[PDB]
Structures are given as structure tokens and as C-alpha cells.
Amino acid sequence: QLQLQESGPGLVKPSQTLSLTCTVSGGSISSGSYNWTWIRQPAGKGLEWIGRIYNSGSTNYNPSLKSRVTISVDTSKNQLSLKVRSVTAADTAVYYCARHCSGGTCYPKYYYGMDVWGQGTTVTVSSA
Amino acid sequence: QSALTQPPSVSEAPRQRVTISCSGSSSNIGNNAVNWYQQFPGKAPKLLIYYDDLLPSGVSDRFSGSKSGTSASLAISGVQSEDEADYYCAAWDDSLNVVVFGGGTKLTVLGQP
Amino acid sequence: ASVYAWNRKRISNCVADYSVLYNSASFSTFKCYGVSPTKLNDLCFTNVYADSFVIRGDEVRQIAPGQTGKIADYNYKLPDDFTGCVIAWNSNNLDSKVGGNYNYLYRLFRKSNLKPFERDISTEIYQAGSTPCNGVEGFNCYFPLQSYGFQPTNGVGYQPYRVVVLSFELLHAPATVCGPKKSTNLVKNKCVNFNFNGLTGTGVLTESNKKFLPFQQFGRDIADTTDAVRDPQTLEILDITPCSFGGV
Amino acid sequence: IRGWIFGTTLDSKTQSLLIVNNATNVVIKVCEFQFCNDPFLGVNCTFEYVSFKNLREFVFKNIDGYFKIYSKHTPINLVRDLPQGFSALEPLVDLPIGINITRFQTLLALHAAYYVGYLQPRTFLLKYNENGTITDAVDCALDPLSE
Ligand SMILES: *[C@@H]1O[C@H](CO)[C@@H](O[C@@H]2O[C@H](CO)[C@@H](O[C@@H]3O[C@H](CO[C@H]4O[C@H](CO)[C@@H](O)[C@H](O)[C@@H]4O)[C@@H](O)[C@H](O[C@H]4O[C@H](CO)[C@@H](O)[C@H](O)[C@@H]4O)[C@@H]3O)[C@H](O)[C@H]2NC(C)=O)[C@H](O)[C@H]1NC(C)=O
Ligand SMILES: *[C@@H]1O[C@H](CO)[C@@H](O[C@@H]2O[C@H](CO)[C@@H](O)[C@H](O)[C@H]2NC(C)=O)[C@H](O)[C@H]1NC(C)=O
Ligand SMILES: *[C@@H]1O[C@H](CO)[C@@H](O)[C@H](O)[C@H]1NC(C)=O
Ligand SMILES: *[C@@H]1O[C@H](CO)[C@@H](O)[C@H](O)[C@H]1NC(C)=O
Ligand SMILES: *[C@@H]1O[C@H](CO)[C@@H](O)[C@H](O)[C@H]1NC(C)=O
Ligand SMILES: *[C@@H]1O[C@H](CO)[C@@H](O)[C@H](O)[C@H]1NC(C)=O
């Protein structure tokens, strides 16, 4: 019963900051050997890896978007959040959160595989 | 980015065999594990093949993955109506420092009425 | 045995009868490299090595020279100049349980590729990241061995297969393993082309009263030609009289 | 005397031929045996085989990797020294071991004199009787008469 629940505003205004949430249910977010990543997918196009977060804060982002993205983890609220600053129309996509296993304390032991995904929240970057 | 390249669509008859190839370079497929994901319309991608050729529990054994050199392939022996979805291959590129996804392959079973 | 801990049997000092590979049609994969199976019962070798393990159908193709993959690189590697045969058959009836047979393992990670005919059974925790593993598992610290999932309802590519790899070496040493050789019936009092333990010639084979000693196999006359031989199957002495000749 | 050891180091580092005859069982092994500082019998193997009044003569030679063993057993009645006479040794065993043998040692049963000679590329004239048994021989370099 490991499930991830995404929440965020469906509409974001251009040049402003986009903020999403990915709440983990049925367990704890800081437990196994997992890389908690963010992935967005423009409607009709392919998946795009945004970044990740591991250990106790350390992060690695996509270089094409590294300066505008921030990925944090709130252990008390048992959730990870996504921050995308100075958004444009090109940032309109369906955003997912998933966990990437990199260790031996993963259940199930799906090495290098993105085990459990979120349902996906749709972000539309437009002023109207 | 677009390192992994997949055919946009592949179609075959029911109860046939289909191969979905995934072409990359030595910086991703050559030196990193390849993961496959299945994505149905209007839903999130589902892990189909992990670590080049491993099958998760709950996924039909009609699916199988393979990898040779800088290319990977997905085989679905016994195509069924249940299998119509988008299939993406994934791998970590050492040059880009990024998990690269393919363009996706849309499987359309042909014997549909 | 598992493919990472492949078992090796040494074949030495015995006539190698390969007819158990010809007659037994119960084999799924039969491929030879460097030597032909037909021209194998008439060829000597210094030693023969029989490697045996278990893999799945998708990995049977990897047991060959010039192959890559988890099995070829991390479990069992064949050299580029390998001279032998690879045999495999579907063992789903034996190596599968209703709850999944997990007794057959395979190495999943390794810091380098195995050398030809190398057997690695170390269970050291593989370090995939910058953080060193002090024998403990966790972040970028994986157990090197993974267990196969063998179920009766598995796909043919994921069903277990028992592989036997025969390898033939020929060194600057005596060859003890050669191969059987059918014999024929013996015809007496007729001009025949005979072959006794590799010694050939033409002549009439007749009964004799020559008392050969137990260690003596061939006889010779003053001219150093062959006078008589002992039949290798029935310990009797046969005279060799060259076939009638002369002049007209 | 119940056996012989042939090899180079006799210390489990190389292959060494071991022949042991205990009561009624002849045992031949070529394992890399770890031998004692002074091997005796009290009262990675590549080959294994299991089966004064008596003179037992042997010849051990290695030609192109083949270890050839010849022997002849005959009753004698002499304690002081080797009996004088002539007797030919028939071959019994030919082991294709391919082992470089440079040293050997004997094995004594402790609660038997023995002799060690060396072979040379001499020419011999061998006399075969009517039964194919060698009954005499001439060493073609012993003296002008033999020549
Ligand atoms: C989850 O997120 C984490 C963090 O981003 C990822 O962890 C990184 O994984 C990459 C690749 O798996 C690691 O990169 C590799 O790390 C090794 C560095 O170790 C050095 O130091 C130790 C001792 O401190 C030595 O034992 C070791 O030999 C090294 O000296 C390298 O060995 C790797 O090889 C590279 O270098 C050689 C040349 O030396 C090249 O030939 C290779 O091709 C290769 O380029 C490589 O550098 C990285 O270290 C990990 N970081 C951390 C912080 O752990 C996970 O991969 C990720 N998981 C998933 C599933 O996404
Ligand atoms: C047994 O002895 C022979 C001869 O001493 C060895 O043959 C030598 O082999 C090496 C390399 O294999 C060559 O460099 C030498 O030149 C060879 N010697 C001669 C005289 O040509 C043979 O290797 C020895 N066998 C073992 C197992 O040690
Ligand atoms: C070979 O043939 C002889 C002749 O009949 C027979 O006596 C002998 O037992 C045979 N060999 C074996 C191993 O049976
Ligand atoms: C003789 O020696 C062999 C080899 O060591 C040994 O196995 C055997 O038990 C001994 N005794 C007999 C009666 O064979
Ligand atoms: C066993 O002996 C052979 C001698 O032919 C040698 O080549 C081999 O390396 C030896 N193996 C071990 C484990 O000592
Ligand atoms: C040869 O053997 C026979 C018995 O088999 C014997 O009678 C004869 O004397 C022997 N020949 C010689 C020269 O001793």
C-alpha cells in the first residue's frame, strides 16, 4: 500500500514560480535506498527527467533546467515538493513524481527501476 | 534528451511477436542499465522491464527485455488487446547526467474489429 | 549448479563416446565452435572439460564466443578462440517449483568482466556509488547475486535451461581422450586390407600356432616385415601372408 | 619396500607419481601429495588406479612424456648381493603423464636393499629364443669382442 499523492494548482502564471507537492502514503518517505525524482511530460510528447533528491537533502537536476528548479523533502509532512521558477509556455506538461531505487534496502528489490509513480498533476502555464 | 530513439508506432496481428528496439549511445545504454515503462492513455507510466531484462511481479511473462551493445529491445510474444499502450525505454546518460527517455512506441494490435 | 558457480568436470583417461549426443534428440540447443560434431569421434584431445550450469532461454544465446550480457560478462565467459560445443535443453519440468524455484542464482553486478573460463563466487557488496560499502548494503551497495524466478507458467525465454559446455584442449602433451571406433568382422583365408591397432597392410589372415607373450602385440620376420598380429578382441594369433603375386 | 615416489620437489607444489602396493592392492596416483619430511609406511589429481627370496627389478624412463615401467619377478636365494645372471624385463604399464621427473625416492615399511642405475644410449644385440623371450644380450660397447 505504497501510494504517492500529487497536489498543486492547475494554472500557474508565466514568469512566476510553480509549486507542486508529492505526498507519500503507506510508509515513510525517508526509509529505503530511493532516489525521489520528478518527471514532466508535455501532452503528446515524451517524458522529461527534471531532477532528483536523495540521502538527506543532496540533489541533482537536469542541466538544461538546473538553475530554475528546486526539489525539497519535508520529512515531518512525509512529502517531497517541486519548485519551478520563472516558468514559460514551454513548461506546460503533465508532471509526475516517482521513486528510483539505488540500493539493497528496497522492497521490492527492483534495482534501477522507478518503482511507484504518482497519478500526475496537469500544469498549464498561461495567464488566462 | 532524445538520446534514446524508438519507432513511433509498431503494429502486428494478434498472437504474433513484436520487437520494440531502443537505440542509444555508449554514454547511456552502453554503460548503464536500461529500464522499460508502459504508459496507457490518460495514466502514469508503469514499470514494465527493469535493469535491462528483469520482470516485476504482476507483469505478464509475455514481456521480455534484451540488450546488446548500445541498443536494447523489448519483445512481447503473444500480442493482445490488453497490450495497446505507449512503451518508453529509459537509461542514465553519463554525458548528460540525466535519465534519458525514448520517444515512445505505440503498440496497436491489428486484429481489432 | 548456478551459472555464477558453474561446475566443471574433468574428463581424462577414457574413450569418449559422443553417441549420447547424437542419439539423444532431447536437446534444444546444439552449437559447436572450432570443431565439428561429426568429425569428433575420430579425434584426440589432451583433456576435455565439461562445464554445467542453469540459465533461462533468453540467456542460452549468450553461451558463445564473442557474446555480451550478464551471463557472458559476469557469470560464464568463453574465449574468442573457444573450441568446443554448447548443448542446452529445456529443463522446466525439473528446475521449476509451483512457488518458484529460487535455488539457482546468478551474478548481477561486478566491477569488471570475467576472464575466459573464470568462476567468481565472491559475495562482496558491490559499490556502485561514491560511498564505500563496508560489507553492508544500502545506497549504491547491492548484493552481487540475484535469484532466478523459475515457475511452470513462465515464458519460454524465462524457463530454466540446463547447459553443458564441452571444451577441447590440445597441448604439447599426450592425448588420453580420443574417441571410440567401430570394428568390423574378421575374414580369414581371403586377401583383405587389415588395420590392427592402427597398423595397416594387405595380406591373407590365417590361424597360427605362434605363442605370443601377453605383452607382445605384433610379430616380425628377418626382413622386419609384419609376420603376425594378435586380434585385439579375441586373444588369438593370426598369421599375415601377403596376397598371392608373381608373373605371367 | 612397498612403493616409489617420482617428481621434482615432492612437497605438494608439483605433480608427483606415487605407487603404493599394500598387501594385495597396487595403488598408483599422480596427485600433488604433501609428503612427510621422511616418507615411510608403518606396519588436483589427474589419474588414479587401484588393482632374500624375491628379486623385483624395475626400469623407469620418460620418452616424449610417456612414463614406461618394466619389471620382472623371479625367485632367488641370496641375501648378500644381486644374483648373477640374465633376465629380461617385460613392459607392464605406460602412463602418458607428460611430467618432468628429475628426482625419486623409495618407500620402506617400518615396524631390504635396493640398487639405482642409469640408462645410456647404448646399442644392444638382443637374442630372442623360439618363444620370443630374450635370453642373452651383447652390449656393443663393452669391449672389442662385444663390438
Ligand atoms: C541515485 O542518486 C545517486 C546520487 O546522484 C546516484 O549515485 C551515483 O551513481 C553514479 C553512477 O552509478 C556514481 O558514479 C560512479 O561512482 C564511482 C566513484 O567512486 C570513486 O571513489 C571510490 C572511493 O571513494 C572508489 O572506490 C571508486 O573506484 C571511484 O574512485 C566511479 O567508480 C564510477 O566510475 C566512473 O569512473 C571511471 C574511471 O574511474 C569510468 O571509467 C567509469 O566509466 C565511470 O565514469 C562513477 O564515477 C556516483 O559516484 C554516485 N554518487 C553518489 C553520491 O553515490 C545513483 O546512481 C542514483 N541511482 C539511480 C537508480 O538513479
Ligand atoms: C618440462 O621440461 C621442458 C624442457 O625443459 C619444458 O619445456 C620448456 O618450456 C618453456 C615454456 O613452456 C620454454 O621456454 C623452454 O624453452 C622449454 N624447454 C626447452 C628445452 O625447449 C616444459 O615446459 C617442462 N614442463 C613443465 C610442466 O614444467
Ligand atoms: C571382449 O571380447 C572377449 C571375447 O569374447 C570377451 O571375452 C571379453 O570379455 C570382452 N570384453 C569385455 C569388457 O567384456
Ligand atoms: C592401500 O593404499 C590406498 C592408497 O592410499 C588406500 O586407499 C588403501 O586403503 C590401502 N589399503 C588397501 C588394503 O588397499
Ligand atoms: C593442477 O595440475 C595441473 C597440471 O597439469 C595444473 O595445470 C593446474 O593448474 C593445477 N591446478 C591447481 C588448482 O593446482
Ligand atoms: C616355449 O614354451 C613351451 C611351452 O609353452 C616349452 O615347452 C618350450 O621349451 C619353450 N621354449 C624354450 C626355448 O624354452
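We number each residue from 1, going along the chain as drawn.
So this one's electron microscopy, 3.6 Å, going by the header.
From the backbone N, Cα and C atoms, a Cβ is placed for every residue, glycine too.
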D:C31 - recorded disulfide partner, Swiss-Prot, among D:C36, D:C45: D:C45
Against chain A, in sequence order - recorded positions D:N22, D:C31, D:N44 with Cβ under 8 Å: none
Minimum Cα separation from D:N100 (N-linked glycosylation site), reported as the residue among recorded positions D:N22, D:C31, D:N44, D:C45, D:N131 that achieves it: D:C31
Those recorded positions in D:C31, D:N44, D:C45, D:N131 whose CB falls under 6 A of ligand 4, listed in sequence order: none
10 Å Cα neighbourhood of D:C31 (disulfide bond): matching glycosylation sites from D:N22, D:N44, D:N131: D:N44
Distance-selected recorded positions near ligand 6 (C-beta under 6 Å), from D:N44, D:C45, D:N100, D:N131: D:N131
Candidate recorded positions D:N44, D:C45, D:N131, pick with smallest Cα gap to D:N22 (N-linked glycosylation site): D:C45
